[PDB]
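Let me begin by presenting the structure, written as structure tokens, before commenting on it.
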Amino acid sequence: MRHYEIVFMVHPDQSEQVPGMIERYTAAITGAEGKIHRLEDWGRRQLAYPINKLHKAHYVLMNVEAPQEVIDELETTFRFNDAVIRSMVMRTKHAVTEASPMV
Amino acid sequence: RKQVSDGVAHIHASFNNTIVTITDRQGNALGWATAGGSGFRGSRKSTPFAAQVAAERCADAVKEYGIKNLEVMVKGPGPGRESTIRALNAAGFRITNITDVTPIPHXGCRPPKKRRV
Amino acid sequence: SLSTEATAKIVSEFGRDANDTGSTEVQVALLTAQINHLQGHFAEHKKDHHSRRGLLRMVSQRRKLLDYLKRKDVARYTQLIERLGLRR
Amino acid sequence: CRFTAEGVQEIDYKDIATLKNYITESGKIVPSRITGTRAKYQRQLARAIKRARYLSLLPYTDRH
Amino acid sequence: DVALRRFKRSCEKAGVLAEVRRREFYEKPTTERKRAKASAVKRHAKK
RNA sequence: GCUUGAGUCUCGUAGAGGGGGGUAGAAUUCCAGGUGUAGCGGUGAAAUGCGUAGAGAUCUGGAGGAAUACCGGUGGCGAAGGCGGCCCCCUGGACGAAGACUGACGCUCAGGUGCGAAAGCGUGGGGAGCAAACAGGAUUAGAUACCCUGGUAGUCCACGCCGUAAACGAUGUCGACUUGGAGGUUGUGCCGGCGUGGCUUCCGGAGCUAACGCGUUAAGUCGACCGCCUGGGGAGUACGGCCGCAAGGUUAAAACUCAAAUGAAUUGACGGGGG
Ligand SMILES: CN[C@@H]1[C@@H](O[C@H]2O[C@H](CO)[C@@H](N)[C@H](O)[C@H]2O)O[C@H]2C[C@@H](N)[C@@H](O[C@H]3[C@H](O)[C@@H](O)[C@H](N)C[C@@H]3N)O[C@@H]2[C@@H]1O
Ligand SMILES: [K+]
Ligand SMILES: [K+]
Ligand SMILES: [K+]
Ligand SMILES: [K+]
Ligand SMILES: [K+]
Ligand SMILES: [K+]
Ligand SMILES: [K+]
Ligand SMILES: [Mg+2]
Ligand SMILES: [Mg+2]
Ligand SMILES: [Mg+2]
Ligand SMILES: [Mg+2]
Ligand SMILES: [Mg+2]
Ligand SMILES: [Mg+2]
Ligand SMILES: [Mg+2]
Ligand SMILES: [Mg+2]
Ligand SMILES: [Mg+2]
Ligand SMILES: [Mg+2]
Ligand SMILES: [Mg+2]
Ligand SMILES: [Mg+2]
Ligand SMILES: [Mg+2]
Ligand SMILES: [Mg+2]
Ligand SMILES: [Mg+2]
Ligand SMILES: [Mg+2]
């Protein structure tokens, strides 16, 4: 199991689906013996530039420990979920539990 | 014919020529002038003076619309960068903001080969 | 590279101890483990020439260690190449 | 170098207020020779800014 | 004229016209490396 | 036998090292539409070209390819060739600390084998930009050029081939030893200093060198092994062999001919070099 930092940006219209998305994704992680070391719903932020004409998006940050397989699966989920406008999965060396600079 | 008040002067300052196009803020053109169409060919076309005259003739082209405010968008390396803006201020437009909009690739396409003059 | 756990398993199987990491048998077993592991990599990544240079060093090092072991102790050599399923 | 002076481990792409000090008005990454950042931290900073730009936490350019 | 002098200075700061002049023609990587080395040796001779 | 060479293990560090996949933003081009109207473009000057069938400019939307500004650095990594957005996956090497382990397991290497820029070649894709060829416009005594407007191969991808470059540090690899000074980069010990490693620059001492220069990253002082040279031209050519789809590569002469060819530095003179 490896440590990953996941940021996903949701379409501001589907801001109300984000609690549902989080509980779905975190269940997919913990289902396969993973751990959510950090979750932060940053909410709707102004984008620094437009993405698909959107000037805002709803950011979620997740630091996760998980098998590679379920993270690959969560990446496919992001790709095909139309609500998720952008995502970034990054490997981290260790688990990050502390508050982000956003909170 | 219709009134606008606040438009945008687009200065296309190339090495060879200066095109001045005054648009509204939706980017719909109202009028335009060029150094090359202002009585300047060859060496003289690519000068700040010829660009000034182009700026003046463009102001004449948009006087019907009754523009008072211009945002100035400057595009390119040419001699008519500064002289065009001075001439627009001198025509009695209020210059509200000057942006450089010169396109820069973040790498982009391979440019033409160097000239062996 | 070989994981900490896979390394330690090979050291246990082939050494005289957990400390016996230097033994020719351990070294050859470790090189053999990674040579065998990397066959899957190079099956997929046929044009990874840079990594393959590291593989060919492992192969050459193993050959030199086996040739050392053969001339020092033929019976240890015979046992080792049997356990690891090497031709020579 | 602020980052050495604070014993910073890795620069965070998320720490936008920090990163804003090392970009110009245009959005361009400021050279280490201007800012006095150490080479090791300049490289982390460049990566962090590029990650922040991808997530649209920083602008690539002043004229998007 | 203050705001125009301010625009001028902002363009010099951003290095727009240096960037345009650089990108007018293709420089071979050999030529780029040769001038980078020339700039390094000159900057060293400054010291 | 031994542990000092050479390896293994443990923890960690930096990195455009490699392979695969994904993705982002800027820009160019094109397509469609809006505004708009006589120019645009180009040059030393022009013209070809483009434009009233509405260009250029400007705005909106779309398509597509290629490359990744800034960071960026006598910065880094790699055996060399080379490698630069970001993210993931697979993967190679280097280095440091402290300790354990093996016990000369080493160095070099003809033949052999592998890798090997760009161009080129084959098959299948792709094609924005650039651009051999080519076309037109100039320039010119001419101008099969330089300049301009276009533009095909190609440049891109997959797989296979080619096997060469001023593939250069024009400097083979390995080891040891021999005053200094100033930097960069990357570890690390101890208390901002003081050390101690790796890599990498500049200057310079002895010494060496024809000189230029090199100078602990030696071209110094030595040792091991390999490669290569033997006047210029003819010629890296011919012929033969081998290799290659080809282009060609590789190995490699002779006749004949000349009394030089050459290196470095010196004084002039000269320059459409500078001051
Ligand atoms: C300190 N090492 C340098 C070497 O570096 C090369 O080999 C090293 C390995 O040993 C590498 N680490 C390095 O990356 C690589 O570049 O290149 C040579 C090239 C040679 N013409 C001469 O240059 C001189 C010039 O010839 C002269 O004209 C100039 N004025 C001064 C130069 N030093 O001396 C240098 C010098 O010996
Ligand atoms: K999506
Ligand atoms: K041998
Ligand atoms: K073409
Ligand atoms: K001399
Ligand atoms: K040797
Ligand atoms: K040799
Ligand atoms: K002769
Ligand atoms: Mg041109
Ligand atoms: Mg790696
Ligand atoms: Mg190196
Ligand atoms: Mg050979
Ligand atoms: Mg090629
Ligand atoms: Mg082809
Ligand atoms: Mg062309
Ligand atoms: Mg041409
Ligand atoms: Mg050769
Ligand atoms: Mg080279
Ligand atoms: Mg070189
Ligand atoms: Mg050579
Ligand atoms: Mg020296
Ligand atoms: Mg010599
Ligand atoms: Mg031949
Ligand atoms: Mg032959």
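The figures follow:
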| quantity | calculated |
| --- | --- |
| Every pair of residues 6+ apart whose Cβ atoms lie under 9 Å, when the first sits in region E:26-47 and is within 20 Å of B:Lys114 (Cα to Cα) while the second is of a type in the set (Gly, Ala, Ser) | none |
| Selected residue (criterion: farthest from ligand 9 (Cβ to nearest atom)) from residues of region E:25-39 that are surrounded by fewer than 11 Cβ atoms within 10 Å (Cβ to Cβ) and of a type in the set (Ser, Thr, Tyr) | E:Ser39 |
| Residue in chain E that is nearest to the other protein chains (Cβ to nearest Cβ), counting only those that are in a helix (DSSP H, G or I) and of a type in the set (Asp, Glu) | E:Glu19 |
| Among (1) away from ligand 2 (no atom under 16 Å from the Cβ); (2) within 11 Å of the chain's Cα centre (by Cα), the one test that A:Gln68 misses | (2) |
| Close pairs from region D:1-26: first more than 14 Å from D:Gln44 (Cα to Cα), partner outside any loop (DSSP other than H, G, I, E, B) and of a type in the set (D, E, K, R), Cβ under 9 Å, at least 6 apart | D:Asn21/D:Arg2; D:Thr24/E:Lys13; D:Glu25/E:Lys13; D:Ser26/E:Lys13 |
| Single residue of region B:85-117 satisfying the filter (surrounded by 20 or more Cβ atoms within 10 Å (Cβ to Cβ) and away from RNA strand F (no atom under 12 Å from the Cβ)) that is farthest from the other protein chains (Cβ to nearest Cβ) | B:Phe93 |
| Residue match in region D:23-44 (condition: at negative phi, outside any loop (DSSP other than H, G, I, E, B) and within 8 Å of another protein chain (Cβ to nearest Cβ)) | no |
| Failed item in (1) more than 14 Å from chain D (Cβ to nearest Cβ); (2) surrounded by fewer than 16 Cβ atoms within 10 Å (Cβ to Cβ); (3) in a strand (DSSP E or B), with A:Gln46 passing the rest | (1) |
| Residue ID - farthest from the chain's Cα centre (by Cα), chosen from residues in region A:71-93 that are at the interface with chain D (Cβ under 10 Å from one of its Cβ atoms) and either more than 12 Å from RNA strand F (Cβ to nearest atom) or more than 15 Å from A:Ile22 (Cβ to Cβ) (or both) | A:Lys93 |
| Filter result for A:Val64 (more than 11 Å from chain D (Cβ to nearest Cβ), in a strand (DSSP E or B), within 16 Å of RNA strand F (Cβ to nearest atom) and β-branched (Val, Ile, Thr)) | yes |
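Just so you know, all these numbers are worked out from the coordinates, no wet-lab data involved. Ideal geometry is used to build each Cβ from the backbone, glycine not excepted, and the neighbour counts take in all protein chains shown.
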